[PDB]
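To begin, one chain is listed below as structure tokens, in the form deposited in one PDB entry.
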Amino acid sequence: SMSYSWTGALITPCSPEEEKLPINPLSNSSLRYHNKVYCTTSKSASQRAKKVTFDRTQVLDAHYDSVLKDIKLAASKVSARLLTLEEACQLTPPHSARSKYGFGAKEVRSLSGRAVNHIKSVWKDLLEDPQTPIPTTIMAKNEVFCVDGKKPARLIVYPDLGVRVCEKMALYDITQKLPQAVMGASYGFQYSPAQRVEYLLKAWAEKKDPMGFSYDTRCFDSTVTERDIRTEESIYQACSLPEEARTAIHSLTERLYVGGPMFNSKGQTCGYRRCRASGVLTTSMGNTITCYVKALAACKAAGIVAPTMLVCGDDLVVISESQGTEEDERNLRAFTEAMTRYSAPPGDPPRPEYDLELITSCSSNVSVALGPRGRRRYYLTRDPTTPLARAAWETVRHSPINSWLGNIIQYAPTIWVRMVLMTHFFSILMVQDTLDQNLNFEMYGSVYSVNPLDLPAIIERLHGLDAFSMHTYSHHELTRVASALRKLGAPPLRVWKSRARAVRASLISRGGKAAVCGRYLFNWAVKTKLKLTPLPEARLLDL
């Protein structure tokens, strides 16, 4: 069947949109930035709709059946509970999109009578009706990118706030338990960046002759079939559950997850979906389990020797025993053919790598830096151009949600985070006098809140003390930040190093947590190094 059907009505915005920042004609830097940086808007929504609309074909085999049976068996050992109406209301984030029924996240969170009783009828309706399609809204995401053409806008498909609370009642406990239970160590979302690196280093070292590859499915959400979604439901039903959860899970699968009509921001019918909805509670878990099932089966079909797998939604990495370059190349082609048969076709074909550092997954790669005594430290990095471009977007566009503080947290050991992002961020917090204030930031389709003064403790907990002493960066990391700065029209590293010395001194002068930030985060900026010791604060819980 077709992944989507369309009526011709536009995917409409709800906010003012901007494809490009206005150019300053007397600035060459403004010109370089204008030539390279763009924001996705509703205007490209139709181009995305064309790319994601296609017929799916699925051919399953004994390799697929065998893997599916094993994950159902592991799922059968899990016991999960219903969340009460109150717990599910409490799990709603402060600014979750308001309901069409005249109530927002504030009424849900505070348990206001009308919001609670509206959700109660949505819940009872799921128990008595297993068939009526649930309506959804389709919206074009506004994301900043750097060219090399332009990526069209990604689409978000989500049900009403009242339905979102009900999904949590039925499946929240499952999302917190099922992935780790059925995938074990392969479950990608259980690791901090230092633990992920440790996992990859152990996977690499345990092979006699390692080979690794990453796989990208072309438009994964659209490749998910109705049969794939009903299979996810049978995985969920393999768990031990209250009968009320079983009924609600079945109704959610048939009325929402398998498909349904999509409406734009104006209430006009946009189309009909017959694939994965991007904005449902089960998107991340469903994608991770389904990608894992299809990939493990494809590994068996291709004759991949001793695979160690790491799965993050549709992002997958397989580290295995190399059979030599010719056989590895034949095996990756057979893996791709099996993946395509299972309806998970490739975007870019996979390539075997014989150095862990050469694999790109979740836009990232492992890099090596030397410590002050010459010890090799391994950490995750990425090309810094798009994160730096996103950081710059907000200097002319003061957004209430920062789209680059997530980079400081995830990529804290990197040259580009330490020298540029940290320097710029702490500078702007001191100019605005917002240092000690909690701020909102986006991280993998979620709006988190963090206090900037807690950054040294958060970083040590997620990366270790090593994040504050990556002394000698690789030639590639050095070239990557220098080219990114040049391409965006930004000042070079020598300027950032001078600015960091002033930022370090200004933070130290404020004392307390601001002085800890200055001493730990900017030790790279001084020749007379302080001896950085473990933070007792890092021995606290962020998760």
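When you see a residue number, it is the position in the sequence shown, counting from 1. In this text, rigid core is short for the largest set of C-alphas that superpose within 1.5 Å between two forms.
There is another form of this protein, the form deposited in another entry, and it is not shown here; the text below is about that form.
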item	value
From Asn35, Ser483, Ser66, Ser498, residue displaced between the shown form and the other one - CA threshold 2 Å or more, rigid core	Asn35
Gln90 C-alpha moves between the shown form and the other one by 2 Å or more, core aligned	yes
Cα distance between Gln90 and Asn451, which in the other form differs by 3 Å or more from this form, closer or farther	closer
Inter-Cα distance between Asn35 and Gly347 in the other form, nearer or further [3 Å or more]	farther
